[PDB]
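No value in this document is a laboratory result; all are computed from the given coordinates. Cβ coordinates were reconstructed from backbone atoms using ideal geometry, including for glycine residues, and neighbour counts include every protein chain displayed.
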Amino acid sequence: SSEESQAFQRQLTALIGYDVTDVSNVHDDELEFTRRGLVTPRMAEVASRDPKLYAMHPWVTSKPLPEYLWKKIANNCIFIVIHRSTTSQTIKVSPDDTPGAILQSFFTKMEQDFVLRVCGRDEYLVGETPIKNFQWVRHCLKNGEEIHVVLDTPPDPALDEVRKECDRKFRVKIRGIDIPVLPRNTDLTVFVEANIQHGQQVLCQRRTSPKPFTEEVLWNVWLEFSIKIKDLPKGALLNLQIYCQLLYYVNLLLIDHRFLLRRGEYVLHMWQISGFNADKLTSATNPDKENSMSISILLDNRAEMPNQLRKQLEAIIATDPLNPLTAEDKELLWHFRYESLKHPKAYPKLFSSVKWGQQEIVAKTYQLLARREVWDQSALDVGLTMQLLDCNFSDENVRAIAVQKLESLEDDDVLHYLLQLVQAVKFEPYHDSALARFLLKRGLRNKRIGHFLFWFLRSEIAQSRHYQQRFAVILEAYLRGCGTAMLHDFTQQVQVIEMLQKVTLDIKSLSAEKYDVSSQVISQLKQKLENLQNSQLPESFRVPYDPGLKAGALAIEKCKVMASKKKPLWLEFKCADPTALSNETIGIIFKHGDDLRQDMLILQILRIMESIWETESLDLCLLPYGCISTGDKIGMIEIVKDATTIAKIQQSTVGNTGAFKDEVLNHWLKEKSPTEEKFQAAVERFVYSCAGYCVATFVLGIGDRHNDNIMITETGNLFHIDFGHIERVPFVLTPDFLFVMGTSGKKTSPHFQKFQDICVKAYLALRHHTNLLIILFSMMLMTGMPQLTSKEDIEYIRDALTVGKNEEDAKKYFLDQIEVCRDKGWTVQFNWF
Ligand SMILES: CNC(=O)c1nc(-c2cccc(-c3nnn[nH]3)c2)cnc1N
């Protein structure tokens, strides 16, 4: 070691938010073994790094340019405006040409150590891509926007340097359980339940004879199982549970990370049930030694197929991910496993038909995984791959085929999936695994990815007792090879966030529940930000949720506390980049109160929902705004510019407890539209946004909202917010919205007609991915909700998506939805109270 080097670890810790050297909540070698394990991949990928494409992270894509999108292009002309200091000549260009082959078209049209960089951002039109395939360039087009770039020097790759570095049956003894205080209530009776467990598949289960719930209860029994030792699958968890009805659980992997059987004495600190979930799968023990329940244990150990079978097989294989398989089905899949292989889509259900508690069958299962000819040939399907990484699959090899498929994902597509792929690490049985390695591999390769990987890992580490150790290791593995420039920037980001959190907390506890912001609130708020500015606060930090943007000093005067029971901050920021061709402000909302892990999740999905709607050339104009969780009920949210709550729009002349009126939105639109053609822009925008957010919310099942949770931009763009949070209605299309569309009371019109077309297009577009959505949604609930049900709750989205039905019974369903809402109008709005 050095000292030094520990000073490194000292900063590494400050970024992680957790001690990876600390060993006080362990009982085996694995975390440190994974630290060491992750060095070879770190260092390979670091070694392969194209150093000049890495400093400049071109955010590009191989997806075609959407049609919509094409019909914003001249005659294969695209206008691009190069700047230099107090200068700027335009240069027309073709969509299908390179930033390598454009600078020279500048140099001509009146030394190659220059690069087209986006104005305002750290973002770069560099590398051998057609400029139409850069994401800013796609951004600018869609958002009727002008493409502005400053010619200057490539940043120094040197800045981005990395520093150098038995046929007996299984049996467990149950000694007893200890707990410092009961006083839950008076008393009851309790028994330990020992389950051996693979993919939330319970293999064998025993339990103790019941006994009286005291502070300490000894047993002191042996619980022998059916299963033999040679048959325990790798990944088998021993799941120890206490009933009275379930209140504590803990898990001990049986086979450890050296393929060695767990043996000997354990005293295991358990978790507590408080009010089918990812937390129950954990290898972690509760780090709180003083309060927790504790358990003590000792371990001392050719052909050709019939016609209608192929139909029953194909029938099963076609079914949804949430279809439960019968015994009958499973045996059918297994018997004809070699047929099953021909269809990649059968895989999930085929490996779900394996009996993993049989070493011989597991054997056969592996044999046919060596027959990956068709799988390795299949075009990548994420939805399918995704389901092999959920809680139903505990076998490394199975999971490993899933991760092989993920390498075809170019970065672009990683981003779309990252949050959930990170959330999939909670379903890994061991700390080191192909999924972790991959997340690291693919984070270290692209700065964009490395950034969001850092804020997704830090978010869980910050607030998940159940996983902070694992992620911490994975995060350190990242930080150790990411580049010292990334590191410096990260350190600031985290600093700014720690201050700004302090300020949003102090002001929470300085504010009761009286819907007023007092002078001495907006004094202490004002003062603190000043008394901070000024102190303390970096000259410049990079914006989580949007790392193109850096932000300088606070626009104190524009900062305010947002009239609400959580008193979130409404901070606004100067932009550190002189070349920013505006003086529009950077608007962060810090907030304590809600679980932002739920927002993130829903936003990810929405982004996926667009990309889907891209494949079919639909732009539904969603606004999935920035949002990063940074701790227990605490994080930030991007401020959509030029935006107002509907509820605020419905207060104008319209008073207070009095509401609402059918028009008022439309006037507000015009009270904001310059011309009359642009106003038509907005009403189209509105028809699209409105359809967008109804189809999505209906599906994710969160449509029924109070209208101060729903906003619009001055240019017509409607969008939900605060998914917080969640006589019922399937989504929010109220009378106001039907005005603007023009149909009062209830007849029809060309914009309500258009609105109907789009919605059906979008919804049915969504149904061309049923499997992907159900898998994301189910994963969503398991890794990010509290009170949840492996049936009814997840079984919602199937119905909502009208699983089973055809394109007509479908369109029927949804247009009824539209109508159910219409009856009906303000009923649920006024029902606020
Ligand atoms: C009045 N709200 C806004 O102007 C606004 N709100 C949001 C937003 C997004 C998500 C949640 C919230 C929120 N509402 N109450 N607390 N937090 C607010 C984003 N951009 C905005 N421009």
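Structural remarks
- Dipole of the chain, positive direction: furthest Cα of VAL46, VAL425, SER283, with charges on the beta-carbon: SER283
- Loop-located GluC sites (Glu not before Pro) across region 1-65 with a Cβ neighbour count of 12 or fewer within 10 Å are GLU3, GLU4, with loop assigned by DSSP.
- Dipole in debye (nearest 20) - region 447-550, about Cα centre, beta carbon charges: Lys, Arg +1; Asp, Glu -1: 260
- Spacing of the modelled spin labels on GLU128 and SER523, each 7 Å from Cα toward Cβ, amounts to 6.6 nm.
- Principal axis dimensions, largest first and in whole angstrom, of the chain by Cα: 83, 71, 68
- Computed P(r) (all Cα pairs; region 302-483; 5 Å bins; percent): 1, 7, 16, 17, 18, 13, 10, 8, 5, 2, 1, 0
- Scattering curve values for region 150-195, log₁₀ I(q)/I(0), Debye with Cα scatterers, q = 0.13, 0.18, 0.27, 0.29 Å⁻¹: -0.59, -0.88, -1.15, -1.19
- Dimensions of region 642-830 along the principal axes, based on C-alpha atoms and rounded to the nearest Å, stand at 49, 35, 29, largest first.
- Peptides 383-395, 209-221, ordered by how many other C-beta atoms sit within 10 Å of their residues on average, highest first, read 383-395, 209-221.
- Packing rank of 191-198, 308-315, 77-84, where each peptide gets the mean count of other beta carbons within 10 Å, highest leading: 191-198, 77-84, 308-315
- Neighbours of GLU677, meaning other residues whose beta-carbon lies under 13 angstrom from its beta-carbon, give a summed charge of +1 when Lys and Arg score +1 and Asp and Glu score -1.
- Cα-projected label distance for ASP516 with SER85, points at 7 Å along beta-carbon direction, nm: 5.8
- Farthest toward the positive end of the dipole of the chain, out of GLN387, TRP222, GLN501, is the Cα of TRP222, where the dipole comes from beta carbon charges about the Cα centre.
- If you wrap region 717-781 in the convex hull of its Cα atoms and look at it from every side, the mean projected area works out to 6.4 nm².
- Farthest positive-ward along region 1-165 dipole, Cα basis, beta-carbon charges - from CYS77, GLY127, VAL23: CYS77
- Placing +1 on each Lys and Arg Cβ and -1 on each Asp and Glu Cβ, with no other charges, gives region 302-483 a dipole about its Cα centre of roughly 360 debye.
- Neighbour-count ranking [beta-carbon atoms within 10 angstrom, fewest first] of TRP356, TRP668: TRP668, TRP356
- The HN-Hα couplings worked out from phi for region 3-13 by the Karplus form 6.51 cos²θ - 1.76 cosθ + 1.60 (θ = phi - 60°) are 6, 6, 6, 7, 5, 4, 3, 5, 6, 2, 5 Hz, whole numbers, x standing for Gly and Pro.
- Charging the Cβ of each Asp and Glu at -1 and of each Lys and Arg at +1, and nothing else, the dipole of the chain about its Cα centre rounds to 880 debye.
- Scaling the Cα radius of gyration of region 209-261 by the globular reference 2.2 N^0.38 Å produces a ratio of 1.42.
- 12 Å beta-carbon shell around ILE589, net charge (K/R +1, D/E -1): -1
- Förster radius 35 Å - calculated FRET efficiency between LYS311 and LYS812, Cβ distance, rounded to 0.05: 0.80
- Nearest-0.05 FRET efficiency for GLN6 and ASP376, computed from C-beta distance (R0 56 Å): 0.80
- Binning the C-alpha pair distances of region 484-641 at 10 Å intervals from 0 yields a P(r) profile of 10, 36, 34, 16, 4, 0 %, listed from the shortest bin outward.
- For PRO154, neighbours were defined as the other residues whose beta-carbon sits under 10 Å from its Cβ, and their charges (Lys and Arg +1, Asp and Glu -1) total -1.
- Between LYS169 and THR214, the simple spin-label model (points 7 angstrom out along Cα→Cβ) gives 3.0 nm.
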